[PDB]
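Descriptive analysis of the structure
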Amino acid sequence: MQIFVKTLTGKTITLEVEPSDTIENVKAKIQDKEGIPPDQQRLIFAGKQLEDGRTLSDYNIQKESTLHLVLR
């Protein structure tokens with residue numbers, strides 16, 4: 001499924017992911033696409049900071065959802 005990741009620079013990128021993917025995997029995908037190191041990535045959805053070892057499904061992230069990416 002497609003999701004959106006809205007960064008603080010004005011850029012929103014798209015990713016192809018599965019709800020069973022871990023947050024760590026998603027951060028690795030963001031690194032692949034945009035070059036941002038995972039340890040700098042703070043991901044937020046529905047007021048919650050996302051934890052590396054959990055999955056997208058754990059946070060009820062569905063198709064066409066938007067995550068917020070803030071850099072540490």
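Header annotation of the entry names X-ray crystallography as the structure determination method and lists the resolution as 1.150 Å.

A word on the pairing of strand β1 (residues 2–7)
Burial of β1 is one-sided: the residues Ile3, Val5 and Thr7 facing one way are buried, the residues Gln2, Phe4 and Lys6 facing the other way are not. Alignment of β1 against strand β2 (residues 12–16), held across five bridges, turns out to be antiparallel. When the sheet's bridge partners are listed, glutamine 2 is paired in β2 with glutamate 16. Once β1 ends, the chain turns through four residues before running back antiparallel as β2, passing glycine 10 with a positive phi of about 105°. For β1 and strand β5 (residues 66–71), the ladder comprises four bridges, and the chain directions are parallel. Considered in β5, the bridge of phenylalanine 4 is made with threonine 66.

Some points on the nonpolar core
Core analysis: the largest hydrophobic core is formed by 18 residues, its most contacted members being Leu43, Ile61 and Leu67. For this core, the secondary-structure elements that each account for two or more residues are β1, β2, α1 (23–34), β3 (41–45) and β5. Broken down by element, the residue count for this core peaks at three residues, all from α1. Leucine 67 has contacts with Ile3, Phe4, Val5, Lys6, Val26, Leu43, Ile44, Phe45, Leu50 and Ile61, leaving out every residue within four places of it along the chain.

A word on the environment of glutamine 40
Among the secondary structure elements, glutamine 40 is positioned in the loop between α1 and β3. Note on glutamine 40: relative accessible area 30%, which makes it partly exposed. Separated by 13 residues in sequence, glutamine 40 and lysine 27 have C-alpha atoms that sit 9.5 Å apart. With residues near it in sequence (within four places) discarded, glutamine 40 still touches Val70, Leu71 and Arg72.

Criteria and cut-off values
Residues numbered from 1 in each chain as written, not as in the entry; some residues may be left out. Heavy atoms only, no water. Buried < 20%, exposed > 50% of the residue type's maximum accessible area, 1.4 Å probe, protein only. Helix = DSSP H or I, 4+ residues; strand = E, 2+ residues; numbered from the N terminus. Pairing = 2+ DSSP bridges. Core = buried A, V, L, I, M, F, W, Y, C linked by side-chain atoms within 4.5 Å. Contact = heavy atoms within 4.5 Å.

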